[PDB]
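Only one structure is covered here, and it is reproduced in the block below.
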Amino acid sequence: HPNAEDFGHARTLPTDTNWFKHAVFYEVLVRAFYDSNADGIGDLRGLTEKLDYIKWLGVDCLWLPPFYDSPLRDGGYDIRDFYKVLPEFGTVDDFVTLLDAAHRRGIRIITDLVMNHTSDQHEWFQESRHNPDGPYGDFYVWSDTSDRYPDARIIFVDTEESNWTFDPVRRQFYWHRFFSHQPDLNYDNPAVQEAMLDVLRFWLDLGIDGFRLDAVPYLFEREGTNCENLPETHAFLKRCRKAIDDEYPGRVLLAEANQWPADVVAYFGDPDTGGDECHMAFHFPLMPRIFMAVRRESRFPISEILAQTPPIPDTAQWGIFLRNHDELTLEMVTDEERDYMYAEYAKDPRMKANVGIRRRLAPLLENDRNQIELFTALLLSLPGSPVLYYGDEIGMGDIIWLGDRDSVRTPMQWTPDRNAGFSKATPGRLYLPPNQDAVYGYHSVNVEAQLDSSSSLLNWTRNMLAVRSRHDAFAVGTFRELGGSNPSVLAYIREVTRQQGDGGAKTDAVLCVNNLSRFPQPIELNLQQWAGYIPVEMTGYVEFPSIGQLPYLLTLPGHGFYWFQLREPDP
Amino acid sequence: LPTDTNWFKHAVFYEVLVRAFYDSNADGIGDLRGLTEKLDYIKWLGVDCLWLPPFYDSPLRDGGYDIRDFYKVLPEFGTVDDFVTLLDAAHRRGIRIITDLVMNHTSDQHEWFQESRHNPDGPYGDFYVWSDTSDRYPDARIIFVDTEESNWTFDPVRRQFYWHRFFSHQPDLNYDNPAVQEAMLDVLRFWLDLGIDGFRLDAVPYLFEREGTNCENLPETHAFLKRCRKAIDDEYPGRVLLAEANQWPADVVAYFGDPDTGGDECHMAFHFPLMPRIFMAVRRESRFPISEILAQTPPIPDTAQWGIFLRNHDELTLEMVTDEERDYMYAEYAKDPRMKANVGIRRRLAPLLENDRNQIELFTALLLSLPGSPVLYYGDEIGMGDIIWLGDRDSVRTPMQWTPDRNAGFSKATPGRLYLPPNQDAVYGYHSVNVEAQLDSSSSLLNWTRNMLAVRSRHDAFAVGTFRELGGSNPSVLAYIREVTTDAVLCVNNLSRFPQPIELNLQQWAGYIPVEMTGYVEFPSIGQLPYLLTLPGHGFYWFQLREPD
Ligand SMILES: [Ca+2]
Ligand SMILES: [Ca+2]
Ligand SMILES: [Cl-]
Ligand SMILES: [Cl-]
Ligand SMILES: [Cl-]
Ligand SMILES: [Cl-]
Ligand SMILES: [Cl-]
Ligand SMILES: [Cl-]
Ligand SMILES: [Cl-]
Ligand SMILES: [Mg+2]
Ligand SMILES: [Mg+2]
């Protein structure tokens with residue numbers, strides 16, 4: 001393994017143990033964003049050059065999917081070397097340069113790190129199968145039979161015949177929860193635990209701001225269990241958090257656990273220490289419920305998942321995003337016993353058609369601009385830290401035929417020029433082609449075309465992000481659902497607890513009202529506790545009538561929404 | 001159709017995918033009824049026989065080469081009744097139909113395999129090749145070496161290993177079981193009874209395995225092929241068997257069978273190295289890669305015929321044929337950046353030639369005048385492009401581009417429901433490349449291609465004539481005569497991008513008048529002095545050698 005010493009490191013931002021609670025994340029693939037060297041493939045230097053756009057957009061942290069050395073048989077989630085970037089993307093030094101440049105603009109970077117397994121091309125595995133009594137002999141999970149752990153499901157049931165695969169060289173079976181070319185690491189071997197902690201430290205020494213830890217529920221296996229969410233798995237996660245907070249204060253760990261929210265709460269750790277595992281975890285059912293709330297023109301699927309979500313440690317934060325599937329497994333989270341909408345998804349033909357396929361926001365919503373704004377408003381005002389996916393801010397489409405994941409991984413559309421301005425290479429050499437249809441194609445949909453008009457989706461999104469950044473209640477406020485006469489309208493207030501040396505718009509309460517119906521709707525709200533306050537609409541700053549003792553009437557167009565600052569009255 | 005045991009020697013074939021040609025029912029997928037509705041186009045183009053890749057019921061994990069039921073049409077294409085409708089409509093127009101039939105293996109979803117694994121003591125227990133170990137047949141290479149760790153896979157239900165030369169979801173049939181041989185003969189008869197004109201038999205070199213061998217081309221494999229030919233000969237005279245053997249031509253001749261009988265296995269087999277050699281001949285501006293491959297091809301039985309096509313890869317395995325010992329061009333392909341970029345990917349003719357119309361015409365002229373029965377691939381006649389990102393095979397399987405309308409006129413469905421999207425780029429997109437746009441001008445690639453087919457059809461020499469390479473002063477020009485005995489044709493082809501002169505010794509035909517076949521202009525009669533022909537870069541001429549009064 002390389003040592004971090006022989007590379008540069010990035011200059012660390014000032015320590016801020018709460019930064020991730022206030023952050024808007026931007027998931028961007030290195031391969032897709034910008035090709036600076038005309039090989040048809042996006043690269044680290046290209047991403048570095050585009051930091052000006054990212055800063056202008058106003059996001060706080062980049063989230064990079066895996067960019068490590070890999071044969072790319074499973075999208076790069078099959079890792080061949082944890083210490084090396086895929087050569088086509090650049091080198092470790094290019095990553096340090098990117099980190100420094102990002103940090104200069106106050107922008108942080110996290111990346112995906114797959115903890116559960118490596119590619120079978122990883123040298124640990126080649127040594128494990130060729131030299132069984134060597135130091136890597138027990139780095140993986142080996143057996144003379146395929147009978148162990150029978151209660152564990154096969155995740156990729158239509159592709160893999162078993163969770164055990166017979167290796168022709170070692171003549172024993174090895175365990176894999178994912179594809180056969182992704183052998184599971186043996187976490188019962190303390191050398192494996194130390195090796196993986198050393199991986200985290202390598203990137204942290206370089207200066208990375210954190211990781212999304214992938215496939216963590218599957219680390220340990222035990223007979224008599226379904227081999228997910230085991231005590232020893234959480235124990236290892238506590239080691240990661242301990243190392244993180246002791247040696248690198250102010251960094252973050254995000255858990256990718258595609259489970260019902262009550263079940264992922266455990267991944268934040270012990271409530272009594274304030275949380276001692278992951279700082280963040282994703283709330284996967286939110287988008288499916290929002291999607292269904294709109295289809296149904298009813299607030300309840302949204303009201304319900306929020307009400308039923310258990311409280312989490314003070315230190316912790318949910319991550320939220322506008323996708324219906326986990327990118328690792330392409331599964332939508334559900335629960336037969338605890339999801340009242342369990343059987344309802346299969347009854348919606350749009351939902352049904354896209355089962356197991358990642359889709360971008362605009363295509364999910366049939367390019368309806370009003371709905372894109374509504375879903376985006378919800379993403380930016382509901383509790384949690386939001387993740388925007390690259391290209392959704394201009395309304396990019398997808399290309400489903402490229403694959404279940406690759407559908408959403410086509411080049412960023414910068415201009416209406418050749419290759420959408422992503423590359424100077426010949427089109428036949430692009431890693432994937434840009435969208436070329438009349439609706440989503442780069443001749444029509446690109447950054448340059450949207451920069452001019454204040455009314456473009458890009459400019460609208462950038463303004464919404466700016467507004468959000470100026471109001472703390474969106475990031476760390478309480479959540480109070482207001483109910484109301486009309487079931488088609490979701491209304492809530494978010495409040496800051498307010499301690500010492502504050503008082504201003506930044507800490508004033510906020511009121512959000514969202515119409516899930518396609519038709520204009522009235523709603524009368526009981527806001528009597530805020531009698532005398534003045535609702536000020538956030539985008540145009542117009543003062544609405546002061547709140548009284550009577551119900552407050554707001555009227556919304558189809559799929560419309562309003563955000564108001566609740567200003568304290570003048571004495 | 002009235003029996004005509006030589007029809008395949010005179011045929012031009014047209015490989016057309018049911019899924020890609022025409023969607024008549026607006027589900028976004030091409031279908032048999034749709035293909036039937038486009039037969040007038042196929043007749044007008046002038047081809048003689050359709051070649052349909054597998055259209056059987058299948059989970060489509062390996063492009064439909066993974067068959068779930070040999071007796072059933074994939075439901076989205078229609079049913080056996082739609083297939084008979086297609087057959088009758090084609091025959092009415094004098095067009096025949098052959099199809100791919102995978103003989104070596106089935107999908108693991110096939111009911112035979114599910115019975116084999118669940119009920120080992122039952123009648124299907126020995127329908128596949130099972131073993132307690134993965135040690136047998138170690139000399140057989142793994143075809144898909146980057147994907148399959150072994151030719152043996154452990155089945156979790158039966159708890160034994162089964163053999164597969166292809167992907168793990170394609171278990172090999174056990175041809176040492178006599179019931180397997182009878183079941184597969186019965187598949188042949190089922191489609192022949194419906195009226196199909198023949199089959200391309202796929203993966204046949206791999207039927208039998210034997211210890212101490214590489215498990216290809218075994219004598220028992222050829223013995224089973226003889227059973228297939230005999231069944232055809234005895235029960236369905238006038239039908240054809242084509243072999244898909246991606247091997248050096250010398251090795252392929254075995255698939256025509258015993259020369260002493262006039263051939264007792266396949267009627268046809270493919271000459272795979274032809275396109276790679278033509279491609280390199282043009283890259284090097286030398287006739288030699290073509291001259292040599294033809295000269296080194298052994299004689300085949302007189303009732304047999306080579307099939308030829310303008311592709312560098314076999315569609316089953318995505319491999320280009322070669323031979324370390326017998327191919328002088330063996331190390332040369334890797335030195336060509338065009339060949340190197342496209343390794344393991346099917347590409348259409350226009351993209352292979354960077355859309356150079358002169359070269360498209362040159363390669364097509366060679367395809368239509370060299371010895372063998374040519375196969376045209378659907379869409380090449382209008383210059384369609386491909387979409388490589390769709391997959392190594394799906395690259396060339398996008399919808400036929402009929403018009404510049406929505407979905408290229410292939411379907412009325414919404415674009416997001418199409419099985420694959422049409423080309424949409426500035427060069428190959430359906431807004432500029434489509435049948436409708438080319439129908440009008442006599443100078444379109446489509447009308448040029450149609451005219452060349454019409455010309456070829458009027459000269460038996462192209463189909464069954466002898467082949468005499470004329471040599472000549474200039475190594476950049478390939479000249480030859482095709483002759484049958486009363487019909488003699490002279491073909492001259494410029495492999496150089498620049499204009500070239502060639503002086504030919506045509507003394508044997510002195511007095512004859514060369515008549516150029518497209519404009520019918522009479523050229524100077526052949527004398528005792530060498531005949532000078534001058535060609536533009538990548539040009540060609542076809543001449544009928546007419547007897548003097
Ligand atoms: Ca594990
Ligand atoms: Ca076999
Ligand atoms: Cl990437
Ligand atoms: Cl995800
Ligand atoms: Cl999704
Ligand atoms: Cl098909
Ligand atoms: Cl059927
Ligand atoms: Cl082929
Ligand atoms: Cl090809
Ligand atoms: Mg690049
Ligand atoms: Mg159809």
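Hydrogens, waters and symmetry mates play no part in the numbers below; they use all other heavy atoms, side chains included. Every chain is numbered from 1 and lettered A, B, ... according to where its sequence line falls, protein lines coming before strand lines.
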If you draw the axis of the six-membered ring of [Y], does the NZ or CZ of [X] fall within 45° of it and under 6.0 Å from the ring centre?
| X | Y | value |
| --- | --- | --- |
| B:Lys9 | B:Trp306 | no |
| B:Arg346 | B:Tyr377 | yes |
| B:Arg348 | B:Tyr378 | yes |
| B:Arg227 | B:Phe224 | no |

> Given B:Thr403 and B:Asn434, is the side chain to side chain donor-acceptor pair (under 3.5 Å) satisfied, shown in steps?
Replying inline: CA-CA 5 Å; B:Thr403 70; B:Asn434 60 80; over 6 Å; no
Give the ring-plane orientation class for [X] versus [Y], where under 30° counts as parallel, over 60° as perpendicular and anything between as tilted.
| X | Y | result |
| --- | --- | --- |
| B:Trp402 | B:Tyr41 | perpendicular |
| B:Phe166 | B:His105 | tilted |
| B:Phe113 | B:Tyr128 | perpendicular |
| B:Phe127 | B:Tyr124 | perpendicular |

> What pairs with B:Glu111 under side chain to side chain donor-acceptor pair (under 3.5 Å), at least two apart in sequence or on another chain?
Replying inline: none
>> I'd like to know whether the aromatic ring centres of B:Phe70 and B:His110 sit less than 6.0 Å apart in this structure.
In response: yes
> Are the aromatic rings of B:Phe13 and B:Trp51 close, with centres under 6.0 Å apart?
Replying inline: no
> Between B:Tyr162 and B:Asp172, does a side chain to side chain donor-acceptor pair (under 3.5 Å) hold up when you go through it step by step?
Replying inline: CA-CA 8 Å; B:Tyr162 65 89; B:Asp172 271 46; over 6 Å; no
Take a 6.0 Å sphere around [atom1] of [X] and say whether it holds more than 12 heavy atoms from other residues, nucleotides or ligands.
| X | atom1 | value |
| --- | --- | --- |
| B:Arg417 | CZ | no |
| B:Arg406 | CZ | yes |
| B:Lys412 | NZ | no |

> Would you say B:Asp31's side chain and B:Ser24's backbone share a donor-acceptor pair under 3.5 angstrom?
Replying inline: yes
> For B:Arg347, does its backbone N or O pair with a side-chain atom of B:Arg311 as donor and acceptor, under 3.5 Å?
Replying inline: no
>> Go through it in stages, so that I can follow the logic: the residues are B:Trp44 and B:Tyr14, the test is ring-ring contact (aromatic ring centres under 6.0 Å, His included), and I'd like the CA-CA distance, side-chain angles, deciding distance and then a yes or no.
In response: CA-CA 13 Å; B:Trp44 173 89; B:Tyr14 187 75; over 10 Å; no
> Considering the options B:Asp62, B:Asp66, B:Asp108, which one meets the side-chain hydrogen bond (donor to acceptor under 3.5 Å, both in side chains) requirement together with B:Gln170?
Replying inline: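 By the side-chain hydrogen bond (donor to acceptor under 3.5 Å, both in side chains) criterion, B:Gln170 pairs with just one of B:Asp62, B:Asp66, B:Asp108: B:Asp62.
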